[PDB]
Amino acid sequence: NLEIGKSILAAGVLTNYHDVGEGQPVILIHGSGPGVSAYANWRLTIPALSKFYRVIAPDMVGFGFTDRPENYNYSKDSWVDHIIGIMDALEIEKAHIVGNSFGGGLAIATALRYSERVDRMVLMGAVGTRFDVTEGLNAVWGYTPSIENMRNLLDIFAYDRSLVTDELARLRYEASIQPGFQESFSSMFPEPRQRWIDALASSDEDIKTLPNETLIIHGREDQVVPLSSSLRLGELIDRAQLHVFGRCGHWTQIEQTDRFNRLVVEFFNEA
């Protein structure tokens, strides 16, 4: 299973992660869909970025192949502490961070709580500001295993449904039923789910204080996180650039891979 990489103790949790490349460190933080993992989310991104940066892609506690501690208390603060724990474990004193959706909310929170540890930020379809729960997100977080339920989620993430094949739906369905996955996932974002969008999001007041060079990316047709969210982040963050991809869903790193990789690498190259 290529989704399994290296193991390291971070913030007291045995963590699965990928470490590719040399130089300036970049931490990639995945989204929160069923069966998600750092590799699944970033497999098309790591190759490009690792040619110029040291890329760290960990499975956040409660997701992927990282340990799922018994009675573990999941929260934005706990996840941020995990990110910092991973950085501490790898002696990464300061790094750029790329956060996808759920991971984007975590990126912002990390930049707010540990400003000295974060350099540049890329927020991709980030859950960083409050928005009324979408059916797309309600479906993602309310997922129960089945090939058709997964096919529907893949459709929700994509603009071009031709990318959603029986094979992909089957493979991700299998990923979602691995030992303990659905168990921790189903209890992660229970109804009412608006609570979790509100929890992950940061206040306008706090976001306005961010000094970081930021690149905000969003797919125009994103069905999970509304474009309006990134437009808002674009007005709140001072040193921010906003890039919207037309004919692209939530999956910007997947549906606009080359454009995405170019934008991100060049953004970091400026530093």
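Numbers follow the displayed sequence, beginning with 1.
On average the C-alpha atoms of 72-80 have higher B-factors than those of the other stretch, with 72-80 and 127-135 being the two compared. For the pair 106-114 and 174-182, the mean Cα B-factor is higher in 174-182. The maximum CA B-factor among the listed residues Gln194, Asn149, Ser162, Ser101, taken from the PDB record, is found at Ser162.
The entry lists C-alpha B-factors for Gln223, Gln241, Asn212, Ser32, and the highest of these is at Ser32. Looking at the C-alpha B-factors along this chain, the one for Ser202 belongs to the middle third.
In this PDB entry, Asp166 carries a Cα temperature factor that places it within the highest third of its chain's modelled residues. Annotation for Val264: CA B-factor lies in the lowest third of the chain's modelled residues. Annotation for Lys51: CA B-factor lies in the highest third of the chain's modelled residues. For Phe63, the recorded CA B-factor ranks within the highest third of the chain. Only modelled residues enter the ranking.
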